[PDB]
Structures are given as C-alpha cells and as structure tokens.
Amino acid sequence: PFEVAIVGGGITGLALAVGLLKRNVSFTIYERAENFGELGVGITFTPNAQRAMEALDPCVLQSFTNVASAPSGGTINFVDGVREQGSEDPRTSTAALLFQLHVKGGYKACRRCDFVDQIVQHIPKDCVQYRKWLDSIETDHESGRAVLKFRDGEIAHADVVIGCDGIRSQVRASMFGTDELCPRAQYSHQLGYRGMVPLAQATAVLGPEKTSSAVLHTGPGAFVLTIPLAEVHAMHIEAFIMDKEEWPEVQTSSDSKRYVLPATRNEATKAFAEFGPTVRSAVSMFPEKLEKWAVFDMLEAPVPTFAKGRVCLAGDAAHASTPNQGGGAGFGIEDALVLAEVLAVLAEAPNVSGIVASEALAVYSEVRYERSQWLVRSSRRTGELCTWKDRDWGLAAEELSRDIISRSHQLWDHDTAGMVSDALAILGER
C-alpha cells in the first residue's frame, strides 16, 4: 500500500490531509499534542492562498469562509502615519494618503483555532493519531521505507514523510541537523502587538472616514494596520515594532512560550510617540496588559531544498516567513496543493520504489522552492519599506507605491492552476 505520513496537524498538515482524502490517497497525521489546541491568533489569507484552498477541495475554502471576516472590499489605504495633518483630533484631521493597494479577489482573516476546527470536521478520526511526538526518522532495513519514531517509544511506517511540524520542525532537524549553523528560523527583528476593539468605539475616537476601510500607517521604525472587520463588528489593530536587539531564548517545546512575552504597556506608546494622532489614538486602544509576538523567519539560514529521500518539509517547517504580505500559512496551503497532486499520481501507481517516492518529493521542491524563498525575502523587505528603514517613504509615495504594488502582484496573482500542471509535467519527466 502507498502510505503518506503527515507530521503535524497545523494549517499546512490539515489542509494537505483534506487534499489527500479527496484524492483517495492513504495518509495518517501524527500530532505531538493531545488535540490541536485552541491558539486564537489571527491569520490573514490572501487571494492566492484562497485559490489553493479551493484547488485542494472546495470544503477547504468553505472551512475558511465559514469563519473568516473582512472589511468592505479589497482596497487598503497606505498612509504616512507621522504627517497626518489638520488637528490633534483624528475625527477632523486629514490622513496623509500615499497610495491605495487594491487586492484582487480580496483577503480575509480568521482565528487559527476556528479554521482548524472547521477543517478537522472533514478528516476521519481514524486518520489522526494524537500524542505522537516525532523524534526521529530512520530507514527500514528490510523494506527501505521510512520508520517514524515517537517519544512514546512507538514506531510507524510510511512511503513518504511530510514535515508539517512548524517553525521548530523536528523533521527539518532530521534532514539538515541541529548545530549552530543549521537551517533554522531566527528573529526577524519585528515584534507584533495586536488587539481587537469594538468597532463603534474605534469610530467614536477616529471618526467614520478612518474606520471605513483598511489602513496601513507607515512611519519610522514601526507600522500599524487598522482593519475594520465587518462580520465581527470589531476594529483589528495590528502593530509591528522593529527591535534591533536579540530575542531572549527560552528552553521550551511551546512556541507560545518561545516567541511571546508580556508587554509592558509603554512599549507601544514609546514606539509610536512621534506619529500622528490617528496612530497614537489607535495604539492607546490596546489593553493596558498585552503580549508581544517575536516574529521569526528563515531568511538568513534557509533550508537548501524541501526534500531529501523519502522526507520533505511544507509550511513553516520549510519557509517560515514574516506576515507582512499576508500570513505565511498561505504558502503552506500552496505547498499542500502541490503535494496532494503529486502524491495522487504515486498513490495510483502499481508499485512505488524508494527512488520514485524520493523523486516525487524532489519535484515538489523544484516547483515550490524559489517562490517560497522569494516570499520570505519579499515579506521582510515589505516590513523594511513600511518602517522607513532605508528612506523616508512618506516623502516618496509614488516610488513606494510601485514597489508594493509589484511585489503584491507577484504574490497574490500567482497562476495556481499552472503550478499544478507544471508539477505534473516535471513529475512525468522524473
């Protein structure tokens, strides 16, 4: 039988599992936790990601749309957060508009746990094994198949292993090692502060014009998004502050404990003190108690490939990214689509040698590697533009606009269907 082991039931692994289910490919999800938890973080999914969801199966996109929210329409206003003019009262000030970014096909955000809960409904219970904390991968002496070994002391067998086990992937460690110079995520030097406030309260402070649309407020060393989310009657305020310092290292298997700290209330206040009243007002709407999220990415120490032998990486295990152009989870869905399509070809074949399995995964990598690396770099650059790292873009709006629009187009208007046919063509070759 041809068996796919998916290590990790995050967004990437769950999306892949549904794609395989709907293509009649045998798989098992091995998840280290007792359940998929309840992490509430908000993830924004872009058009390219929504197309890949649909292509996996319409129920993946439906799972998403059932729990997602958005502003009215797909236009985002990019403003200069410093040089708002006219008043200290945002209700009568004039936002300093740089340009508008129109998102063809729109974007939506959801709580991660809500999307997880919808997707999991579509996966049979007998396809998910909890408390399976993958520790190592070896090769079976008799068969040459992968042997998974879990911390509970048990093993499993598979023809291919898909590491969907996130930013601190054990599958990645198995492939490429753990030493100080190994592929790994590192701090991107950006801290996330975010909150939701009742939409009517935001309108009372900022006025209706400034709560009518999504706005990204650029400025020196930090930026903030104010996004009115209609279906939840809330204004989402998402600030990112650049931090030249290192992130303190904590020994923990919990990614929350690794990448989150309590935030002293004055941190956001200080970062935005030189901004205009709209930004200072928005930031003041954060709860006095909040958390900060240290964003890590794989820009500096990327993996050299997504596949080795019968093992591969997808999602944040492969290409953890800053979220400056949308949640990096979107690319886990693109990865999942390619894997679903290639693995369906193997699942149909009378026999699949280790060579053919390995070549299949290599094809997956050939199709996704360059684009995936591009996102990690482009997203980091986007942060640099929005925080005026190199130049005051408040004073060069037209230039800024050309740069952001171009990179947005390459990401969001990607040929999803062509990616699949490319994969199947190359698979043929190999």
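Residue indices: 1-based, along the sequence shown.
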* Looking at the deposited entry, does 255-263 or 83-91 carry the larger mean Cα B-factor? -> 83-91
* Higher mean Cα B-factor in the deposited model: 122-130 or 293-301? -> 122-130
* Asked: Looking at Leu191, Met285, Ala234, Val338, which has the biggest Cα B factor in the entry?
  -> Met285
* Asked: Going by the deposited entry, which of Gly315, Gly354, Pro220, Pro198 has the highest CA temperature factor?
  -> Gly354
* Structure fact -> Among the modelled residues of its chain, the C-alpha B-factor of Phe275 falls in the third labelled highest
* Going by the entry, which third of its chain does the Cα temperature factor of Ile426 land in? -> middle
* To do: Give the position of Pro208 by CA B-factor within its chain, expressed as the lowest, middle or highest third.
  => highest
* Would the CA B-factor of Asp57 place it in the lowest, middle or highest third of its chain? -> middle
* **Chain-wide C-alpha B factor ranking for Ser169, given as lowest, middle or highest third** => lowest
